[PDB]
Amino acid sequence: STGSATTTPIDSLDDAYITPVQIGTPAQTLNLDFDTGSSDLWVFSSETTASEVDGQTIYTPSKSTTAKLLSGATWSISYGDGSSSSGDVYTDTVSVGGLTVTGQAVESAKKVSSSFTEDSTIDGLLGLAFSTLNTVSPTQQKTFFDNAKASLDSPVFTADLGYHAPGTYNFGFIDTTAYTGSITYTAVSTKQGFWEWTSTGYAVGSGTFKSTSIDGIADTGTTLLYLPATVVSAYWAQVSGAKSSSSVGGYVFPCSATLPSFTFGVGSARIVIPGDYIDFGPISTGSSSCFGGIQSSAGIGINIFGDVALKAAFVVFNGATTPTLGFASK
Ligand SMILES: Cc1cc(C)c(/C=N/NC(=O)[C@@H](N)Cc2c[nH]c3ccccc23)c(C)c1
């Protein structure tokens, strides 16, 4: 089997991407944020604290003939940015782009943090990291990919995020028309439950490539690119007037700037992030200070190859017995 679904930016800045997901019988379609940095499929629901719902589409398990309460199971997740959600669990039928899993754990939110409440376009998250991170207690549950894996033509999914444009998540196959050149595969460590790999280095604009190992995670659920302070300083030093602002919470730059590209290494291959991808617009409405799309990972504790990096590539998440990651230009 295979699946193929279009993913769409939630706003003009590509702050996140949502993908329609069918849950239950008859189908209830919710737009979920596919997140390769977590492993819970959770949704706004009929059980979510009313004051914490602001425009989201909700899953109502009582209206699904295939929904079954998973007796005694609860979940609670804290994301590294400070966001959180929690609740109880159903199993139900879940389909993505024509690919169907029966008995998928669907985690029904009773509580969500303000950040989720304020994101009216995101109806929940669909985790695509390793199932070892799943928060369901007392019986840990599998991700949608882990459940689907055996039935897939090939045990893979691919992320093809668009810059200010729709993109695609495919399951079970690699669309060879979707990229240029060849896909370069690189080793993955699953020790922290993430799609963790090591970049071979970086370049700023037309500058010379610096060979240096950068360990980080491929995370579709994170907007920006978070890298060591040394690397990020070298990037912003090429932008006149750029500076790190504690009051703003990162590097900002004059909106009148033309940003240089940023290149990252995958083995001997190179992925180029165009300068425009790194512009996240005015810090507040009408401001001439703009927020940078490359930020320091210092104090996060891990480097994060978020959407800013991933959307510059066609990315293969290979879930074979020994997982690997592939990157191609496009
Ligand atoms: C200080 C800091 C700041 C950020 C932005 C992150 C990223 N976190 N990103 C994630 O955890 C995502 N994989 C999922 C996610 C967290 N919060 C969200 C809000 C909306 C949509 C997705 C997420 C971290 C780890 C630390």
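Following Swiss-Prot, chain A residues are numbered 90-419, in order.
Method of determination (from the header): X-ray crystallography, 1.7 Å.
From the backbone N, Cα and C atoms, a Cβ is placed for every residue, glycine too.
According to Swiss-Prot, the features are:
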ACT_SITE  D124  active site
ACT_SITE  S288  active site
DISULFID  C344-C379  disulfide bond
DOMAIN    106-417  domain 'Peptidase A1'
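Recorded features from Swiss-Prot, shown on the structure.
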residue: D124; record: active site; DSSP (3 states): strand
residue: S288; record: active site; DSSP (3 states): strand
residue: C344; record: disulfide bond; DSSP (3 states): coil
residue: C379; record: disulfide bond; DSSP (3 states): strand
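Around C344 (disulfide bond), the C-beta neighbours below 8 angstroms that are at least 6 residues distant in the chain are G370, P371, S376, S377, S378, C379. Spatially close to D124 (active site) yet at least six residues away along the chain are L214, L215, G216, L217, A218, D308, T309, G310, judged by Cβ distances under 8 angstroms.
Annotation for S288 (active site): same-chain Cβ neighbours under 8 Å, separated by at least 6 residues, are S302, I303, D304, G305, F353, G354, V355, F394. Proximity to ligand 1 at the level of Cβ atoms, with a cut-off under 6 angstroms, picks out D124 from the recorded positions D124, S288, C344, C379. In the structure as shown, the Cβ atom of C379 (disulfide bond) sits within 10 Å of 21 other Cβ atoms.
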